[PDB]
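Presented below is the structure to which this report refers.
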Amino acid sequence: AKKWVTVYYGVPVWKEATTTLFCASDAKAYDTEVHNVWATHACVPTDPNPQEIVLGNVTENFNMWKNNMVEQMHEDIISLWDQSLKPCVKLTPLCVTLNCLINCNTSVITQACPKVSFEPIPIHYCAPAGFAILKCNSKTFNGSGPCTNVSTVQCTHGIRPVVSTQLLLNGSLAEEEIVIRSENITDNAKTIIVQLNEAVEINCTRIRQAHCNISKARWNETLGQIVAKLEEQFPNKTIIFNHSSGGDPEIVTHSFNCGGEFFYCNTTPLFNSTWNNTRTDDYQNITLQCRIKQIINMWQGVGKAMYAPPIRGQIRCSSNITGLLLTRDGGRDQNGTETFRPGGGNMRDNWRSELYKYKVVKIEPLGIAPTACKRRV
Amino acid sequence: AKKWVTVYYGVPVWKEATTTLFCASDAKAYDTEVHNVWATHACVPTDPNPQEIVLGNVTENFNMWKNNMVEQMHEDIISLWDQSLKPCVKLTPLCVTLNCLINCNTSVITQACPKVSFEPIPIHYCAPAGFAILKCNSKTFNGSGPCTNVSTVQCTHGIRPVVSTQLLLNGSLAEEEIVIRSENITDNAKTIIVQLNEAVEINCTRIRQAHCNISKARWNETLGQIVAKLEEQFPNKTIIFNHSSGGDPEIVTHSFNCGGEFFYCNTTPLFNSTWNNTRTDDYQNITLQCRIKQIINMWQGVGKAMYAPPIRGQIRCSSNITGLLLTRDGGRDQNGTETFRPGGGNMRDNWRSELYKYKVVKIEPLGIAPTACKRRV
Amino acid sequence: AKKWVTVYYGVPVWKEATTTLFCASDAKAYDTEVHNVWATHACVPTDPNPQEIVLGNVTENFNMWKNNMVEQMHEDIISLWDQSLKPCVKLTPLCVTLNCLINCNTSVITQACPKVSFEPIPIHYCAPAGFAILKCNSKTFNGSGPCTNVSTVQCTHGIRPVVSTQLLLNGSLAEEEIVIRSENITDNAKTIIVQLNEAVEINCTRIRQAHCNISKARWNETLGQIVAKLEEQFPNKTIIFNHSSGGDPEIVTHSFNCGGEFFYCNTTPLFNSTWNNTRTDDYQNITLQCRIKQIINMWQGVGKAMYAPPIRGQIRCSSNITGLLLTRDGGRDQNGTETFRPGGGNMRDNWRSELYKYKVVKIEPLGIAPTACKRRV
Amino acid sequence: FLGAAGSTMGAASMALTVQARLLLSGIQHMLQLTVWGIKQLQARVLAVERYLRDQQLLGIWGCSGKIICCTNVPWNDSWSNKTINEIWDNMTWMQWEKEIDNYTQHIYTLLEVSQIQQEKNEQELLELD
Amino acid sequence: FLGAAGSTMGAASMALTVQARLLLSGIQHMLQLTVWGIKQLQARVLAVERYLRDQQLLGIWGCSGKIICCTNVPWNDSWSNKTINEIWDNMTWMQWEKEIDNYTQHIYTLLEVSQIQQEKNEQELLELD
Amino acid sequence: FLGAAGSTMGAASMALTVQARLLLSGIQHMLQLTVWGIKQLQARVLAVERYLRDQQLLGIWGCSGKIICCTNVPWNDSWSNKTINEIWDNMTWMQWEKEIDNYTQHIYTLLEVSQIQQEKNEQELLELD
């Protein structure tokens, strides 16, 4: 016949937006916790009854390394820390614009230091009226690959902003098997993330000395499973671990926070074992030395920070280990080997392991199509 | 000429739905009253500015034995009692499905029974968004007959869900005369509701002995009016009153719930005396002997419910009388006599005494009609 | 060619209405203040965030002395005064309809007199859903003359219901200079309002005696500026001031209240100085004698009233003067002079100097106009 | 709003014109009122939604965008068999609706088929012009 | 939503087209925020209801569901006696509305009679075909 | 809301009529939870507002007050080079939208010009009648 353009309505279509999402936490508003205080000041209770729509045969290209949600939660967490742990001295630099001796002098800051309790609280992220959030359901997700079993929602699950390096503390587990994620293997430039499917207990207890214990009977099996999954990418070579290569104290050794104390712990007696298809580790309680600090290197920029003296004593911490961060060492001098050292420190990297599913979308109804009819004039 | 079809939009229409309503009773939320506690827990503050509107020369068929709005208040008060008057043990049997000696074993439940106050408060039912209720204003209404003055509303009038038999507690009175209502007369099987336009007072006080007061000087007037009105229906008959014919202790003898006490008062010396066109009683303060009890056949299903025993004393109950349930005795041997005995037993009948004026209505706007129009084509 | 009528939609047009308005004040709900209690019982919390759209070069005619908003506040304050300071004996005239010495008698009632505090609170007026409020921003406004820089609002600014005479108490200051408002000068009938730019201080403190103190070093300059503003209208004649000319004890002298303390303060040593281009007043403290009262004349009608005995002692008041109401005297015998005296008393006038910059409107969208298009038929 | 219940069809139609002309001619408190506000707003929002949905759905019959519509379907003589004047001067809307209840199902299919008929005829007419 | 007052008729009318083209081309917390939210919602609901009611009520004159309509009633020179250029180059909406407020009511009666006559003529042609 | 993504164009077009027929046939609280009711009502009100505004603004191309219009712009072959059945039975809506995303700016201007021409011709004829 004869094709003629026409304008339709009500077509389903999606896009990508850059709106602002609000927090949502089941706060308490009665205790001294700074997280509770922040949640009470700016957050609202959770949805009494969530509603999830299970969409059908759709296929959308998910990408996690280029998401935009993280760039907002990472700026919200930093604001959160400005209400719990104020610094006695906040020493940061600032330069003066001069083409080139560029002016650069240290600036001093100080306020009150009242000791307060500190414990993370779950937080929910929701989208405003006019947008939706797609979430995937595939058991693997391939990293940054398309998946099919998608669903639509308005809010995320519970998220704990726990901060740490070289080891992922309390957090959600995998579906059925430990998985490895990386932006681009074979470039020895991007951090490798690993997610487990069964947490491993850790218990730290202690004036300037403390110990940490981890169940070896489970840790050996965890390493065995991780290595077994890992050989697939590099079958011929031999995988060997090794302690940190040096740098700032906040990255050479495990560092975390507990009860207003900044714990630093060496982690050498965990990566000295060269691994093969068989066992070469040993053959109870794995002791782990730790010493608290008062002059630390900030993670929100550059500059040292000092806090008030430590508490009297009797501080305990019990936590679960679910994820892991590992780096790689490549080169042409490699001779049938592959050394994997522990790394991390980029908080964005630590937080991408929790928002790698959700994607924020907007709906577009309009549409143009060629039809077989003709207008009456 | 020639007839054609056409469609009009917006035509009012009456229909029947099966929606659900929400309790809204004046609450206090600060006192220890159980009704106020129930209202504050699951109810809403009453409507501040309800509106009643008058239709035109409308004529519909309000019904009383086919309304469903009673089945909601029944199951709401039943839930309220299970949370308000917590028994020490609420015994309720439960059988087993066996064809036939069928299996039927006793069932028991556990619950704490601390002494609690109980003073009934009205509840204002209201239909959800999208529907309405309708009520007439005829002073007689004939029962299930079409009225002529109709009004549309959302929330009913204050109703006390008090339970009792052979005598109604506080309740609305008639407008001009004492009225008599029934569903299908001439079968001596459907209870006759007699509504009074004057309140007969009563005061009963007192530990298994108590005394109730009846002022014959004020009861005689109401009795005479009721008997005179009854004479119209069966003038050829001679009206004779008597006492109950036997049955459950909660029906044959008057019962009430006052101050956590299950009063059973024997009102035989008020309905045995015969009546005629002239008085034949005597010629003041008739003493109604009463005995406190702890035995009740749960009106909300066959079972038992025994609470903690009574308080030491000092119990008063001052009540009004504005309604009554009376059935008539029929038979082939009726030789110019009309036996009138006390009635009651199904609290559904009492709940039909306050809901017969309201019917749930929905609206459908579309309509068709014939006309001489001819759409161009 | 050939014009034809055509109807448009959405055209911007305004009008005036006579709708109602609800109080909007920031109450407390805990204090004993009667104003706070009344606001909590009937008022709403203040708006959390206002918005103002600045319109273009549009023009409007704001008439001030014929506005309808004043009566609403005047008849709303009367109720508030009827719930805070109750009189012990309320005496009012009462007549009977008789054409003529008509039947006229005095009816007296009583009420409880529990001593209670009293402090004026700011109040906001807001329009209901469907109407809008305009506002001018010119620095002079000429009184009842059109402005050019108008903008829309939704709730008026803070207002204080403080009631006094001959000296307007705490109130908003002018923009740049004192401004004079007068409905129609040269008729010696309408009260003349004057608004200042620099608030003046006053301190009045006290069994039946009290003293008031003022700051001369600022009052002299204020009076000089006021006379300089006045001289423009009257360049030829000579300005003069004088004490009140008599009447009721509530108009010949200043009168106000402090927490159940009704002060009738004389103000003769402030308006005696004859004035010309130069000063002739003096050359640190001006003292004003004050005597409390217990039998007063109501301001919301006709009739005397009585109150409870005065408080023990230690009564103080610090106040800011912002405006000034004056009367005037004409006459054919005037020999080139202008005498100005204190005024006030009509609460309508006392509130016409605070709502001169507001007006209510509703939008009428329909419009017609001629064009060159024609229909097909 | 189309008509006050009780009046006859003719009277209601006559009063509707005058009402429309006149209308378009330009001539205590407590904290717990919050819940009732929502309970009220919900009904209004639902009614607006339903009205708009029905107005848009009327596009199948060709009357979309209008309320007073008549189709080109001849009125058969096996449905009512009554004069127009009597119906339009008595037997208010409820009775008239209850009268034609039995057969009203088929008229919907007739209307749909006639609308499709006119639509197709329009498409064939498109070919010539 | 046709513009903002204070601007000439022609300028606002023209800017409306550009705005529509551009839009269509696709190019501190406290417990007392509950009340003002309901207040805001009520105004929007009322505005929607009024808009719908007026849009439906414009059906008498055959301009149903149209912001801009056309009529066939000649413009008598005894009303304003002005040229179509000066009307749209100056005299922002309010001034023009003020100028022609005396004859407004008569116009509605004239339009109603014209519409009824047009409908009757169309029905006569219908009887013809 | 017209359909669920993934389904082909023709299937959704066919099913929408049945959906309309069905829709026309009519066949643990935290006192801070009150905020969520407003959060839902605001979304619903905004949806209705946007629907009305878009429907009103769709009138430039002469397709106002409808959900499926037609225009008078011939369909070239350099845009898709595709036939009816393949488009209307395959190529889910998102894929088709992506396919012709380059020319999605010229067609708007072409359609607007065609509408202007049609309106001018119709007014020229109106001058005749």
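All Cβ positions, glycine included, derive from the backbone under ideal geometry; neighbour counts span all protein chains shown. Just so it is clear, none of the values below were taken in a lab; they were calculated from the coordinates.
Checking C:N99 against (1) in contact with a strand residue (DSSP E or B) (Cβ under 9 Å, 6 or more places away or on another chain); (2) farther than 30 Å from E:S7 by Cβ, only one condition comes out false. Which one?
(1) is the only condition that C:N99 fails.
Between C:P365, C:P370, which is within 14 Å of chain E (Cβ to nearest Cβ), assigned to a strand (DSSP E or B) and within 30 Å of E:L111 (Cβ to Cβ)?
Exactly one residue qualifies, and that residue is C:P370.
Given the conditions (1) surrounded by 19 or more Cβ atoms within 10 Å (Cβ to Cβ); (2) more than 14 Å from every other protein chain (Cβ to nearest Cβ), and given that B:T337 satisfies all but one, which numbered condition is not satisfied?
That leaves (1) as the condition not met.
So, in segment A:1-21, of the ones that are polar (S, T, N, Q) and either touching a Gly at 6+ places or on another chain (Cβ under 9 Å) or more than 10 Å from chain F (Cβ to nearest Cβ) (or both), which residue ends up surrounded by the fewest Cβ atoms within 10 Å (Cβ to Cβ)?
Across segment A:1-21, the extreme among qualifying residues is A:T20.
For segment A:1-92, which strands (runs of 3 or more DSSP E) that fit wholly inside it have 3 or more residues that are over 18 Å from A:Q154 (Cα atoms)? Steps first, answer last, please.
Values: elements: A:4-8, A:14-16, A:22-24.
The qualifying strands (runs of 3 or more DSSP E) are A:4-8.
Take the residues of segment A:277-298 that are exposed (fewer than 12 other Cβ atoms within 10 Å of the Cβ) and of a type in the set (S, T, N, Q): which is nearest to A:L85 (Cα to Cα)?
My answer is A:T287.
Considering only residues of segment A:22-59 that are of a type in the set (S, T, Y) and more than 11 Å from chain F (Cβ to nearest Cβ), which is nearest to F:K82 (Cα to Cα)?
This residue is A:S25.
On the basis of being farther than 29 Å from B:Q154 by Cα, at the interface with another protein chain (Cβ under 8 Å from one of its Cβ atoms), surrounded by 16 or more Cβ atoms within 10 Å (Cβ to Cβ) and over 19 Å from the mean Cα position of the chain (by Cα), does D:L41 make the cut?
In short, no.
Could you please tell me which pairs satisfy a Cβ distance under 7 Å, a separation of 6+ or placement on different chains, a first residue in segment A:349-376 that is more than 30 Å from F:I87 (Cβ to Cβ), and a second residue that is assigned to a loop (DSSP other than H, G, I, E, B) and among the β-branched types (V, I, T)?
From residues that are more than 30 Å from F:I87 (Cβ to Cβ), the pairs are A:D349/A:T191; A:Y358/A:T156.
So which residues in segment B:191-216 are in contact with a strand residue (DSSP E or B) (Cβ under 9 Å, 6 or more places away or on another chain), among the hydrophobic types (A, V, I, L, M, F, W, C) and closer than 21 Å to B:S318 by Cα, if there are any at all?
Within segment B:191-216, the first condition is being in contact with a strand residue (DSSP E or B) (Cβ under 9 Å, 6 or more places away or on another chain), and the residues that meet it are B:191-197, B:200-216.
If we keep only those that are among the hydrophobic types (A, V, I, L, M, F, W, C) as well, we get B:192-194, B:196, B:200, B:202, B:204, B:207, B:210, B:212, B:214.
B:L196, B:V200, B:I202, B:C204, B:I207, B:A210, B:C212, B:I214 - these are the residues of segment B:191-216 that are in contact with a strand residue (DSSP E or B) (Cβ under 9 Å, 6 or more places away or on another chain), among the hydrophobic types (A, V, I, L, M, F, W, C) and closer than 21 Å to B:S318 by Cα.
When you check B:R181 against the structure, is it among the basic types (K, R), within 25 Å of B:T327 (Cβ to Cβ) and surrounded by 15 or more Cβ atoms within 10 Å (Cβ to Cβ), yes or no? Full working, then the answer.
Details: among the basic types (K, R): yes; within 25 Å of B:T327 (Cβ to Cβ): yes; surrounded by 15 or more Cβ atoms within 10 Å (Cβ to Cβ): yes.
It is true that B:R181 is among the basic types (K, R), within 25 Å of B:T327 (Cβ to Cβ) and surrounded by 15 or more Cβ atoms within 10 Å (Cβ to Cβ).
Taking into account only those residues within segment C:347-362 that are of a type in the set (A, V, I, L, M, F, W, C) and either closer than 27 Å to E:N81 by Cα or in contact with a helix residue (DSSP H, G or I) (Cβ under 8 Å, 6 or more places away or on another chain) (or both), which is nearest to the other protein chains (Cβ to nearest Cβ)?
Out of the qualifying residues, it is C:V360.
Report the residue count in segment D:1-38 for those that are part of a loop (DSSP other than H, G, I, E, B), exposed (fewer than 13 other Cβ atoms within 10 Å of the Cβ) and out of contact with any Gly (no Cβ under 9 Å at 6 or more places or on another chain).
Residues meeting the conditions: 6.
Being over 19 Å from A:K135 (Cβ atoms) and among the aliphatic types (A, V, I, L, M) is the filter; apply it to segment A:347-373 and report the residue that is surrounded by the fewest Cβ atoms within 10 Å (Cβ to Cβ). Break it down into steps so the answer makes sense when it comes.
So the first thing to find is which residues in segment A:347-373 are over 19 Å from A:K135 (Cβ atoms), and the list is A:347-350, A:364-373.
Applying the additional criterion that residues be among the aliphatic types (A, V, I, L, M) yields A:347, A:366, A:368-369, A:372.
Details: A:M347: 19, A:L366: 16, A:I368: 18, A:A369: 19, A:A372: 13.
Per the criteria, the residue is A:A372.
Looking at C:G344, C:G301, which is the one that is more than 14 Å from every other protein chain (Cβ to nearest Cβ), within 21 Å of the chain's Cα centre (by Cα), exposed (fewer than 14 other Cβ atoms within 10 Å of the Cβ) and of a type in the set (G, A, S)?
Being more than 14 Å from every other protein chain (Cβ to nearest Cβ), within 21 Å of the chain's Cα centre (by Cα), exposed (fewer than 14 other Cβ atoms within 10 Å of the Cβ) and of a type in the set (G, A, S) holds for just one of C:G344, C:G301, which is C:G301.
For residues that are hydroxyl-bearing (S, T, Y) and within 17 Å of the chain's Cα centre (by Cα), scanning just segment E:69-96, find the one that is farthest from the other protein chains (Cβ to nearest Cβ).
Step by step, filter segment E:69-96, then rank; the result is E:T92.
Go through C:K66, C:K115, C:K86, C:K139 for me and flag whichever is crowded, with 16+ Cβ neighbours inside 10 Å and among the basic types (K, R).
C:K86
Within segment C:105-116, does at least one residue satisfy the condition of being within 14 Å of chain E (Cβ to nearest Cβ) and either among the acidic types (D, E) or touching a strand residue (DSSP E or B) at 6+ places or on another chain (Cβ under 6 Å) (or both)?
no
Going through E:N102, E:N121 one at a time, which residue ends up being more than 11 Å from chain C (Cβ to nearest Cβ) and more than 25 Å from E:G3 (Cβ to Cβ)?
The unique qualifying residue is E:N102.
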